[PDB]
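Peer 1: Dropping the structure in here first, questions after.
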Amino acid sequence: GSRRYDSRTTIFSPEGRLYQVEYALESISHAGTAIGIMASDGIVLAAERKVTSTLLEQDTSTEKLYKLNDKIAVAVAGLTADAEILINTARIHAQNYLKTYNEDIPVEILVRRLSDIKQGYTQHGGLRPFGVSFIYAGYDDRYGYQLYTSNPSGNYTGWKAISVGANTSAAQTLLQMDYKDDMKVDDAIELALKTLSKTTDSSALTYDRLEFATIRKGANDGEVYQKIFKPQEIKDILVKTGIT
Amino acid sequence: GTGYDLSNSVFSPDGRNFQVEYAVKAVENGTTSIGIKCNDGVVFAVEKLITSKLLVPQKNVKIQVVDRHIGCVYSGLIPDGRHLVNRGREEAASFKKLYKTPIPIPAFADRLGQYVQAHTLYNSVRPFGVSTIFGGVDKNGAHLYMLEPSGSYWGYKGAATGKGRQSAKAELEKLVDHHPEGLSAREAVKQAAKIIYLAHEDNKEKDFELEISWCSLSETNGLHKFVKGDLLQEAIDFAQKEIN
Amino acid sequence: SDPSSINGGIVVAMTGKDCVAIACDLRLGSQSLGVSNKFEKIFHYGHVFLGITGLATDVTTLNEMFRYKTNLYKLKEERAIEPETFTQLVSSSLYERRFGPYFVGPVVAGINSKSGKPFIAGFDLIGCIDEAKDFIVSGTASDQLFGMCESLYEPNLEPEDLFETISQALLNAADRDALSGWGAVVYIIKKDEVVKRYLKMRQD
Amino acid sequence: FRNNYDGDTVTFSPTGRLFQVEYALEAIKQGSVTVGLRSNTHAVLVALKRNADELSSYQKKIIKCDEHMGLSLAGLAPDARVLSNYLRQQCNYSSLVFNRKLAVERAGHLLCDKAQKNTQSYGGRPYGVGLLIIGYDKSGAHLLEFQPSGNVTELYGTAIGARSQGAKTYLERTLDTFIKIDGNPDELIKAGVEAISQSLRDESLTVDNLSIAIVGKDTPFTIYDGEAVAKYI
Amino acid sequence: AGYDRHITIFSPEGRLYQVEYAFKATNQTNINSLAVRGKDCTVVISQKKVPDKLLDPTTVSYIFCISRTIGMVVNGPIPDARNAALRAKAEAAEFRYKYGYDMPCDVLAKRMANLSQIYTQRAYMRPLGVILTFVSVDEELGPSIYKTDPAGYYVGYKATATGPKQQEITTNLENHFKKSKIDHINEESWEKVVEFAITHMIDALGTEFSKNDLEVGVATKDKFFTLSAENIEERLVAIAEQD
Amino acid sequence: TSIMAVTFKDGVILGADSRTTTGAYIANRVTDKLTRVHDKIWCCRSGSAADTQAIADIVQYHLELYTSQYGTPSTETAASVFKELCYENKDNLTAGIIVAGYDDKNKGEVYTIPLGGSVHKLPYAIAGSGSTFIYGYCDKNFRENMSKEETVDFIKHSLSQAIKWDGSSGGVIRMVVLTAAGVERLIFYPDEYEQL
Amino acid sequence: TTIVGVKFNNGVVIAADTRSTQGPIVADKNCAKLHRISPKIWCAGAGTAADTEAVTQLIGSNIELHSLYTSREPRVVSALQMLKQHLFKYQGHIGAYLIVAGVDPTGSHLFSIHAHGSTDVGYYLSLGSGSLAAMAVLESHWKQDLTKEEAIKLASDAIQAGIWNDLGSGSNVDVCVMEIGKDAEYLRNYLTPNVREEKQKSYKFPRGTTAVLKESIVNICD
Amino acid sequence: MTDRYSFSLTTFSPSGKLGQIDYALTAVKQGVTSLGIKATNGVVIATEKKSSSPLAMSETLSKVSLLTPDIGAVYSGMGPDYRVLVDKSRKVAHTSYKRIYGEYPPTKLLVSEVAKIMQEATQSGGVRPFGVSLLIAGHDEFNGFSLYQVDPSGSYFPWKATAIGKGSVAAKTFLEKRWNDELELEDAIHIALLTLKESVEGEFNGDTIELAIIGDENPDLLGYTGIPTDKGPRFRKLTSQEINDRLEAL
Ligand SMILES: *C(=O)[C@]1([C@@H](O)[C@@H]2C=CCCC2)NC(=O)[C@@H]2CCO[C@@]21C
Ligand SMILES: *C(=O)[C@]1([C@@H](O)[C@@H]2C=CCCC2)NC(=O)[C@@H]2CCO[C@@]21C
């Protein structure tokens, strides 16, 4: 029969761990690092582009920062193609919520839904899990600025600052070292770049190897604005913060 | 490596399908059965091993009819044989229902062929453990066929399978050479009785019961009928006589 | 009985010089009974405007549907939808319900952000696209609207002039329709800006 | 060898064998003995009921399928319930639709075909029980032997289960004798008990231990247990 | 791990052994065939070998009439061959019903190739151990030869050969065309094309043929048919009166 | 509509008017009601043009696949496929079909499939609104084993009468001759059959 | 509606009026009833506009995919088979009545399909409420071996019959010529015999004529 | 019967690798070299027609396929896998876009559709990943010209120029030397021909090379006239002759 070739992607190890989830997480640890830092007046998402070439078109590229809603974005660490599958369903769920209640979906509700989908591949179906980890940066009128994280297991948690992908241990220690509750978006933007700068497995940290986004509530307006920095914009902020 | 013979639809490095070949072993281990094409019909005969005096004589019939003009006999796993005839019967009913005319032997053969070939395409099923000799009379003549577990089949002048297939084939080849003009149904019945008796030597240890059936344009009106009473004994004798 | 004559209401769109206008009444009734004088029938997704007459529940449902669809479109296409494209989205969305249609009379209005060209279009309840260059009417007072428009309309009117024209067409047609009126709103649209004006009319 | 070709019914061994089927046949041999024999007027079923403890009952081994048909089981009881239930439906169908009693030979063909399906597909398992079917139809008395392999044979008499070979040789000997016990059920039944006791060894057939069933010419398939079989011990 | 050789999944070298072993099966019949295009016809020759004296020679064939216009010769075990023939016929009939015109040879080929590509990708379907050579005189393309393998690959040919001694026939034909400089047998009658076909079959295989050693199929405008033992004999005689 | 099929010495002939109406309007005055389902198996269509076309298209498909596997089909087999479709879908079809074919062993054969989906093999058959008017004529003038010329004449006269009385019939008379010699198409214009 | 098709010595031409109506009201004074199925296979539609339109695009889409898959030019008989089997399946509920023409590798063709799924072939055809006015003209002027120019004239005259004599038809004449060896040429508004006369007065209102209650700017930029 | 393979055939190894994807990529590596170069007013994609026999008719086998009138594809890897992927891509451009918006999809979105199809063969039950890498070139009103690469994992990325297959490493290097953001279409075609030469062992002419471009609109390739807004396809495969003319100025 077929049984012979079934890897059994959803079973427990004698230690009570999920093989596939564990191996998927291992896969994620080799992915470009992504950072999420929450300030009092905004949120900062920064990611390091894994592998690059002189010929790679960066203006038309996006492999780590995706817009889910006009108030929610995610930073990706893992299989891009897997992330895109999940991102699209996340986008549909946000709209279903909007159409049903005529209110933008609360950040946690969207995260719990995406995580629940992941958890499914963990308990039934016999399919490999998604080799993906997300950092969610969003805003709603019940909790304001929020930062979340979800991994292959389907677990999610809230953070003031966090990272996923390669060298998270090093990144987390550096963040836990200089983070301060009363930070400001500009401060966080700088912290983020410094952290990546010290955890990169590459020579230097140039703009062509970064993606940047911020979710602020532009004082001169009263609404929330997401800003996915453009090549040139990253190049600028990279000089200003003193990394040239 | 190895293990190419554990799953049914697998190609071994030399391009073979071992399970189909092991199926053949089940066929060779079975009772011998034959078929003889005559000038206007076909004759079927088979060896019935008398396990004990407890078997009611003449009761456990092995030859089967399909529709009203086709006879089928087989060697190997009896149950697999019936399974195939059942399909053949549905196959024939369907054909008559749509086209009105009873199904032609060549058409009927391919129906059985495609079905058996189908059981060598997946590892979720097992090949048929029988070789089948079948045929009858139709719009243009008589037709004899033999179908192997591989789904392979061809039209025959004479055919045999099972324990004493070699003796049988040998006897059959003699008739083919000594009768380029064609054997008559009457003659084929006797000749058949002989071939089974002879071929019964490869199993001379157990006593047996002879069974014959035929389909002749002149002798049975093109309908498949069993040889019984006088005509039967007359053939049994013709054999018992030439067996010494 | 007629799903299109239960709630009442009208919508009209016109093309002018480098501009387009779309207007509607504000009534929502239940047969003879007036229920709401604030039921606006014009909506927009980016710079594309959509008016919808017919069964109110469907007007509401369709708006929610097109918001939903234009939102995902923006997320994937990374640009706002255009009048011509939206028009095709409306058409195929309605036809998809060919044998259980929404009882509405949609009207699209807008200016192509890249060509600057003005655009209006109408649809029957099963999506058939009517792409006129002058005007498009819809609702329980559509006959009256055709009469008003055919006479009052002339090509290349300036924004300020088209406003007067479209407003007079809407107003006088609504006053000959038992199921229309109770307020009106007119949208004057240009490449860069869009002005929305509420009109003063009979309340009977 | 075997170990690599006996993991499921869908696999042929290198010699053309079906081990799962054979392992099923083994469950029968481990089952209590039961006998069947017929004359020209009647058919009888004699079965040795087996008990767990001396505080337990002797599991029933005979099932009535219709007024003219019934069987005895050796092996997995649950599988006999399934197969007999299917035989009950088939007999019922023949009656309701064609107002015809199902031929014993036809029942045999139906059992064979149902058993066969469970020996060619992945996922299932062969039935692990043997059956002896007796019945009186339009062609007289009949006795059938059903093997999980799907092989069904018509006989004058036979036995299946542990030490069944004893009774089987006895019958193969007594043949010319009992086959003529026409018009005398008691004589046929006694001959049945004499064949079955040829497979004893452990104990001796007692009252709550012996089970007999008969069917024939003017006798609807009926089952006798306990006191009712006392006059045969 | 070692099962990457039982089902159709990649081996560490990016190979699909099951497809490779399927190719192996195609030579199991030890039969060779070749096809050539005429000026307005297409011919396919295939060795016919009937070992058993108990067989009815008339029922032994690896050539099939798929449609009124399409013929197909199969190199491989007969059961898989007949499975491919039935499917092709069904496919050919449906195409006509749905699109209102006869399915072109190249299209039927692509369709069968795609079906094969699938057994190459889905684990529950085994590939068929056969090579299909389709021929006809397409109403748009003219004489056509398209062949498909267990890999789901297919392409058109000026001429082609298939079987154990494929390479010999192929180089033989290649040479002839390097010489003639045209991509077809410049003959007006299919009879002569059939003769050319059989002739080179002999030269390349270095063997003589009787009327029962061959099997021939011809495709012309609006029709494809197979020749009889006698139609062949007449062919063998003609070639004899030249050597 | 007026259609008929007549068997004769050398085979069989099919005939029909060329009119399709939508009320009193003649939507088509040159319609071809003689449809080919196989080389020597044709049918006459009456009732719904849409239904009969769909039915025929399917029979042709079925016979094509039949040929691919079992060779040329018998006229009886073609009639059986038509029957299957008409009987099994009697609730949704309005199709009166006459099947006519030429076999070498059987020569000409005619099977008529009326509304309910029943099949009737006959020496000849007529159908369609116009047929009612020529029942008496045909019954009086039909003869078995007529020559090709006589048969063409019988059909020509019969149909011209049907066309004469039935407003639902008209245009030209089309015929299809099915014999061992092949397939012949015949057409007859108003100026010829009207004054017969 | 008035739509016609007319074959000529080396191709086919189809034409149609430009009136669109809702009951007795003219909704579109210049709609387009000529749709394309493939570059050289065009359709003229009558009946339910949404249906003729939707059906032309569905089969057109599939015809494109079929073309790409078979590496061949689409054939008229293919669009015809796909259209009729689709319409038949829907038992006339898809109110599409079409005249389908075009040129392909096998020649030039002219057919008609009805909502229920039946098809017809001819040298000249017409459908729609103008059907009878058009046909009257065709039965009066058609002849075999028409030149491209004659066919255009004939077809164009047939629609005029409908425009003038049928209330269900009006405005302009659209034509499309498909010639065996060339590109198909779509002639939108080939004839415009119904231009509206200059109005007797201008109804331009003096600004400020309309009473306004409230005014505001609408935000379009996100 | 019935596909009973409802579990993934591509799973994570302890190292975190996805075996079947890796192997699929290896298959891509053995495939004939193919490339794409973006110019300021067009895009060129090209590959070698590795005729598997001289009796084969190389024209009857296009490695360069038109997906939409403004989008084309080329690949490196398993030809049969590519063929079905093209059929599926042409259809999805319709079903998921043209039948909804009445226009063809923009290059990034169609690419995204193809990528999804490939990602699924990486996770769905009973299948193996596609053994190919595609280079898709196209144009659309709001994005201009673009070039994308899609690998077995389903991942895709935009390029100015790149190569895949056999000598991808060498070719990519040669491209980095000659590419600038001021190349005209003809320049890219030239550079493309040079790059491809280094990867070809034998004959190098318009019958052994396959090359197409996404450029201006070809009204002459529309098939009809009469609709101002319809100007023709931007995709155009070059002819054998057209290639040779450019090879002389090599
Ligand atoms: C004839 O039965 C008739 C034809 O229109 C029709 C057309 C083509 C083939 C089948 C026959 N059917 C009809 O409904 C009309 C009205 C009366 O009979 C018709 C002329
Ligand atoms: C014509 O048949 C007509 C058209 O409105 C319509 C419009 C576009 C394409 C199909 C044809 N159909 C109708 O229902 C109206 C009323 C009478 O005929 C129309 C004018």
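Order determines the names: the first chain of the structure tokens is A, the second B, and so forth; residues in each chain are numbered 1 upward, and ligands are numbered 1 upward as they are shown.
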If you take only C-alpha atoms and a cut-off of 6 Å, which residues of chain E touch chain H, and what are their nearest atom pairs and distances in Å to one decimal, in chain and number order, as CSV?

Peer 2:
```
residue,atom,partner,partner_atom,distance
E:9,CA,H:128,CA,5.6
E:10,CA,H:23,CA,5.9
E:12,CA,H:23,CA,5.3
E:14,CA,H:27,CA,4.5
E:121,CA,H:127,CA,5.7
E:122,CA,H:127,CA,4.8
E:123,CA,H:126,CA,5.4
E:124,CA,H:3,CA,5.5
E:152,CA,H:80,CA,5.6
E:153,CA,H:80,CA,5.6
E:156,CA,H:57,CA,5.7
E:157,CA,H:56,CA,4.4
E:158,CA,H:55,CA,5.6
```

Peer 1: Excluding residue D:160 and any residue of its chain fewer than 2 positions from it, enumerate the residues within 12 Å of it, using only C-alpha atoms, and give them as number ranges by chain.

Peer 2: D: 25-36, 45-48, 72-75, 129-133, 144-147, 157-158, 162-169, 195-196, 199

Peer 1: Write out as a PyMOL selection string each polymer residue (protein, DNA or RNA) that has an atom no more than 9 Å from ligand 2, with only C-alpha atoms and all ligand atoms counted.

Peer 2: (chain C and resi 128) or (chain G and resi 1-3+17-24+26-28+31-34+44-53+95-98+127-130+167-170)

Peer 1: Taking only C-alpha atoms and all ligand atoms into account, which residues have an atom no farther than 6 Å from ligand 1? I'd like them as a PDB file with N, CA, C and O atoms, in the first residue's frame.

Peer 2:
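Produced file part_19.pdb, reproduced below:
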```
ATOM      1  N   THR F   1     -42.917  20.006 -40.602  1.00  0.00           N
ATOM      2  CA  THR F   1     -41.879  19.052 -41.082  1.00  0.00           C
ATOM      3  C   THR F   1     -42.449  17.803 -41.712  1.00  0.00           C
ATOM      4  O   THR F   1     -43.428  17.234 -41.222  1.00  0.00           O
ATOM      5  N   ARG F  19     -37.841  23.139 -44.402  1.00  0.00           N
ATOM      6  CA  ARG F  19     -38.422  24.240 -43.645  1.00  0.00           C
ATOM      7  C   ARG F  19     -38.325  24.150 -42.121  1.00  0.00           C
ATOM      8  O   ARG F  19     -38.573  23.106 -41.521  1.00  0.00           O
ATOM      9  N   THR F  20     -37.923  25.254 -41.504  1.00  0.00           N
ATOM     10  CA  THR F  20     -37.868  25.344 -40.049  1.00  0.00           C
ATOM     11  C   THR F  20     -38.657  26.619 -39.745  1.00  0.00           C
ATOM     12  O   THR F  20     -38.392  27.693 -40.300  1.00  0.00           O
ATOM     13  N   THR F  21     -39.643  26.496 -38.871  1.00  0.00           N
ATOM     14  CA  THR F  21     -40.460  27.644 -38.525  1.00  0.00           C
ATOM     15  C   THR F  21     -40.394  28.003 -37.056  1.00  0.00           C
ATOM     16  O   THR F  21     -40.020  27.198 -36.213  1.00  0.00           O
ATOM     17  N   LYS F  33     -32.473  18.504 -43.086  1.00  0.00           N
ATOM     18  CA  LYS F  33     -32.933  17.622 -42.030  1.00  0.00           C
ATOM     19  C   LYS F  33     -32.351  16.227 -42.133  1.00  0.00           C
ATOM     20  O   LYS F  33     -32.616  15.364 -41.294  1.00  0.00           O
ATOM     21  N   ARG F  45     -34.583  14.130 -39.121  1.00  0.00           N
ATOM     22  CA  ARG F  45     -34.944  14.832 -37.901  1.00  0.00           C
ATOM     23  C   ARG F  45     -36.218  15.668 -37.957  1.00  0.00           C
ATOM     24  O   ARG F  45     -36.411  16.457 -38.880  1.00  0.00           O
ATOM     25  N   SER F  46     -37.081  15.482 -36.958  1.00  0.00           N
ATOM     26  CA  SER F  46     -38.316  16.256 -36.818  1.00  0.00           C
ATOM     27  C   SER F  46     -38.541  16.544 -35.327  1.00  0.00           C
ATOM     28  O   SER F  46     -38.033  15.839 -34.445  1.00  0.00           O
ATOM     29  N   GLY F  47     -39.306  17.589 -35.054  1.00  0.00           N
ATOM     30  CA  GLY F  47     -39.544  17.985 -33.686  1.00  0.00           C
ATOM     31  C   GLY F  47     -38.697  19.211 -33.411  1.00  0.00           C
ATOM     32  O   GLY F  47     -38.694  20.163 -34.183  1.00  0.00           O
ATOM     33  N   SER F  48     -37.970  19.185 -32.308  1.00  0.00           N
ATOM     34  CA  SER F  48     -37.118  20.295 -31.926  1.00  0.00           C
ATOM     35  C   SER F  48     -35.807  20.265 -32.722  1.00  0.00           C
ATOM     36  O   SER F  48     -35.106  19.245 -32.761  1.00  0.00           O
ATOM     37  N   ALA F  49     -35.475  21.378 -33.366  1.00  0.00           N
ATOM     38  CA  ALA F  49     -34.236  21.432 -34.124  1.00  0.00           C
ATOM     39  C   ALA F  49     -33.094  21.331 -33.122  1.00  0.00           C
ATOM     40  O   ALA F  49     -32.154  20.571 -33.325  1.00  0.00           O
ATOM     41  N   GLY F 128     -43.499  13.654 -38.902  1.00  0.00           N
ATOM     42  CA  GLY F 128     -43.569  15.095 -38.949  1.00  0.00           C
ATOM     43  C   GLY F 128     -44.996  15.512 -39.205  1.00  0.00           C
ATOM     44  O   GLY F 128     -45.831  14.699 -39.607  1.00  0.00           O
ATOM     45  N   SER F 168     -46.466  23.741 -42.335  1.00  0.00           N
ATOM     46  CA  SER F 168     -45.234  23.555 -41.587  1.00  0.00           C
ATOM     47  C   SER F 168     -44.165  22.852 -42.413  1.00  0.00           C
ATOM     48  O   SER F 168     -43.117  22.498 -41.897  1.00  0.00           O
ATOM     49  N   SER F 169     -44.432  22.649 -43.694  1.00  0.00           N
ATOM     50  CA  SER F 169     -43.473  21.991 -44.573  1.00  0.00           C
ATOM     51  C   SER F 169     -43.296  22.810 -45.841  1.00  0.00           C
ATOM     52  O   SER F 169     -44.216  23.508 -46.267  1.00  0.00           O
TER      53      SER F 169
END
```

Peer 1: Taking only C-alpha atoms into account and nothing else, which residues of chain B lie no more than 12 Å away from chain D? Please answer as a PyMOL selection string.

Peer 2: chain B and resi 2-9+17-30+50-62+76-87+119-120+122-130+149

Peer 1: What residues in stretch 77-154 of chain H get the DSSP label strand (DSSP E or B)? Please answer as a list in words.

Peer 2: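 Result set for stretch 77-154 of chain H (strand (DSSP E or B)): residues 77, 125, 127, 132, 133, 134, 135, 136, 137, 138, 139, 140, 144, 145, 146, 147, 148, 149 and 150 of chain H.
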
Peer 1: Put those residues in a file: N, CA and C atoms, as a CSV table (one decimal), in the first residue's frame.

Peer 2:
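This went into again-v4.csv:
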```csv
chain,number,residue,atom,x,y,z
H,77,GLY,N,15.4,22.9,-17.0
H,77,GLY,CA,15.0,21.8,-16.2
H,77,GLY,C,14.2,20.8,-17.0
H,125,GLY,N,-0.7,16.6,-0.9
H,125,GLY,CA,-0.4,15.2,-0.8
H,125,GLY,C,-0.1,14.5,-2.1
H,127,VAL,N,2.4,14.3,-4.3
H,127,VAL,CA,3.1,14.9,-5.5
H,127,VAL,C,4.5,15.2,-5.2
H,132,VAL,N,11.6,22.4,-12.5
H,132,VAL,CA,12.0,23.5,-13.4
H,132,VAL,C,12.1,24.9,-12.7
H,133,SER,N,12.7,25.8,-13.4
H,133,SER,CA,12.9,27.2,-13.0
H,133,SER,C,12.5,27.9,-14.2
H,134,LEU,N,11.6,28.9,-14.0
H,134,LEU,CA,11.2,29.7,-15.2
H,134,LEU,C,11.7,31.1,-15.1
H,135,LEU,N,11.7,31.7,-16.2
H,135,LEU,CA,12.1,33.1,-16.3
H,135,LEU,C,11.0,33.7,-17.1
H,136,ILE,N,10.2,34.6,-16.5
H,136,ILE,CA,9.0,35.2,-17.2
H,136,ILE,C,9.3,36.7,-17.4
H,137,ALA,N,9.0,37.1,-18.6
H,137,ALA,CA,9.2,38.4,-19.0
H,137,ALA,C,7.9,39.0,-19.6
H,138,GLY,N,7.6,40.2,-19.1
H,138,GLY,CA,6.4,40.8,-19.6
H,138,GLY,C,6.3,42.3,-19.4
H,139,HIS,N,5.1,42.9,-19.8
H,139,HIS,CA,4.9,44.3,-19.7
H,139,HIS,C,3.4,44.6,-19.4
H,140,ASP,N,3.2,45.6,-18.6
H,140,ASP,CA,1.8,46.0,-18.3
H,140,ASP,C,1.9,47.5,-18.0
H,144,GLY,N,5.4,48.8,-16.4
H,144,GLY,CA,6.4,48.8,-17.4
H,144,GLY,C,6.9,47.4,-17.7
H,145,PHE,N,8.2,47.3,-18.0
H,145,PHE,CA,8.8,46.0,-18.3
H,145,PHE,C,9.3,45.4,-17.0
H,146,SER,N,9.3,44.0,-17.0
H,146,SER,CA,9.8,43.3,-15.9
H,146,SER,C,10.2,41.9,-16.3
H,147,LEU,N,11.1,41.3,-15.4
H,147,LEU,CA,11.6,40.0,-15.6
H,147,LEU,C,11.6,39.3,-14.3
H,148,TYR,N,11.1,38.0,-14.2
H,148,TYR,CA,11.1,37.3,-13.0
H,148,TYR,C,11.6,35.9,-13.1
H,149,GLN,N,12.0,35.3,-12.0
H,149,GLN,CA,12.5,34.0,-11.9
H,149,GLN,C,11.6,33.3,-10.9
H,150,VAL,N,11.2,32.0,-11.2
H,150,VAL,CA,10.4,31.3,-10.3
H,150,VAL,C,11.0,29.9,-10.1
```

Peer 1: Using only C-alpha atoms, which residue out of B:95, B:238, B:208, B:153 lies closest to chain E?

Peer 2: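 Nearest to chain E: B:153.
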
Peer 1: Excluding same-chain residues fewer than 2 positions from residue H:164, what lies within 8 Å of it counting only C-alpha atoms, as a PDB file with N, CA and C atoms, in the first residue's frame?

Peer 2:
```
ATOM      1  N   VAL H  28      17.194  21.147 -12.198  1.00  0.00           N
ATOM      2  CA  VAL H  28      17.238  22.414 -12.918  1.00  0.00           C
ATOM      3  C   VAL H  28      18.678  22.705 -13.347  1.00  0.00           C
ATOM      4  N   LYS H  29      19.625  22.415 -12.456  1.00  0.00           N
ATOM      5  CA  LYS H  29      21.045  22.641 -12.714  1.00  0.00           C
ATOM      6  C   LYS H  29      21.580  21.897 -13.928  1.00  0.00           C
ATOM      7  N   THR H  33      21.088  25.880 -20.411  1.00  0.00           N
ATOM      8  CA  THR H  33      21.090  27.277 -19.997  1.00  0.00           C
ATOM      9  C   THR H  33      20.038  28.122 -20.700  1.00  0.00           C
ATOM     10  N   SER H  34      19.414  29.025 -19.945  1.00  0.00           N
ATOM     11  CA  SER H  34      18.423  29.973 -20.469  1.00  0.00           C
ATOM     12  C   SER H  34      18.640  31.308 -19.735  1.00  0.00           C
ATOM     13  N   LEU H  35      18.279  32.418 -20.368  1.00  0.00           N
ATOM     14  CA  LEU H  35      18.512  33.707 -19.741  1.00  0.00           C
ATOM     15  C   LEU H  35      17.527  34.797 -20.124  1.00  0.00           C
ATOM     16  N   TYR H  75      12.563  28.409 -19.739  1.00  0.00           N
ATOM     17  CA  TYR H  75      12.945  27.642 -18.564  1.00  0.00           C
ATOM     18  C   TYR H  75      14.258  26.881 -18.696  1.00  0.00           C
ATOM     19  N   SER H  76      14.536  26.111 -17.649  1.00  0.00           N
ATOM     20  CA  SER H  76      15.695  25.244 -17.547  1.00  0.00           C
ATOM     21  C   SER H  76      15.264  24.149 -16.586  1.00  0.00           C
ATOM     22  N   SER H 133      12.748  25.780 -13.411  1.00  0.00           N
ATOM     23  CA  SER H 133      12.905  27.163 -12.975  1.00  0.00           C
ATOM     24  C   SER H 133      12.491  27.907 -14.216  1.00  0.00           C
ATOM     25  N   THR H 162      19.583  37.807 -15.733  1.00  0.00           N
ATOM     26  CA  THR H 162      20.024  36.625 -14.999  1.00  0.00           C
ATOM     27  C   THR H 162      19.985  35.398 -15.897  1.00  0.00           C
ATOM     28  N   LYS H 166      22.558  24.905 -16.623  1.00  0.00           N
ATOM     29  CA  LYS H 166      23.946  24.468 -16.758  1.00  0.00           C
ATOM     30  C   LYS H 166      25.033  25.486 -16.410  1.00  0.00           C
ATOM     31  N   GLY H 167      25.218  26.483 -17.264  1.00  0.00           N
ATOM     32  CA  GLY H 167      26.263  27.458 -17.002  1.00  0.00           C
ATOM     33  C   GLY H 167      25.750  28.772 -16.467  1.00  0.00           C
ATOM     34  N   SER H 168      24.817  28.691 -15.529  1.00  0.00           N
ATOM     35  CA  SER H 168      24.227  29.888 -14.957  1.00  0.00           C
ATOM     36  C   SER H 168      25.250  30.757 -14.233  1.00  0.00           C
TER      37      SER H 168
END
```

Peer 1: Please identify all residues of chain G having at least one atom at most 8 Å from any atom of chain F, considering only C-alpha atoms, and return them as a list in words.

Peer 2: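 Interface list for chain G against chain F: residues 85, 88, 116, 117, 118, 119 and 120 of chain G.
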
Peer 1: Take the residues just selected and output them with N, CA, C and O atoms as a compact mmCIF listing (two decimals), in the first residue's frame.

Peer 2:
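Dumped to again01.txt:
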```txt
# COMPACT_ATOMS: atom_id res chain seq x y z
N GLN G 85 -23.41 23.96 -27.53
CA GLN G 85 -23.48 22.98 -26.44
C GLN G 85 -23.68 23.69 -25.10
O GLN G 85 -24.23 23.12 -24.17
N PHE G 88 -27.36 24.96 -25.29
CA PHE G 88 -28.28 23.84 -25.16
C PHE G 88 -28.45 23.41 -23.71
O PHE G 88 -29.56 23.17 -23.25
N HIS G 116 -31.90 28.25 -27.63
CA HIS G 116 -32.04 26.85 -27.27
C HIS G 116 -30.90 25.96 -27.72
O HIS G 116 -30.83 24.81 -27.33
N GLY G 117 -30.03 26.49 -28.58
CA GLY G 117 -28.88 25.71 -29.03
C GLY G 117 -28.88 25.15 -30.44
O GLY G 117 -28.00 24.36 -30.78
N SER G 118 -29.84 25.54 -31.26
CA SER G 118 -29.86 25.03 -32.62
C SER G 118 -29.06 25.98 -33.48
O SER G 118 -29.01 27.19 -33.22
N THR G 119 -28.42 25.44 -34.51
CA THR G 119 -27.61 26.25 -35.42
C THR G 119 -28.11 26.08 -36.85
O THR G 119 -28.76 25.09 -37.19
N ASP G 120 -27.81 27.06 -37.70
CA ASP G 120 -28.22 27.02 -39.09
C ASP G 120 -27.10 27.58 -39.96
O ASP G 120 -26.30 28.41 -39.51
```
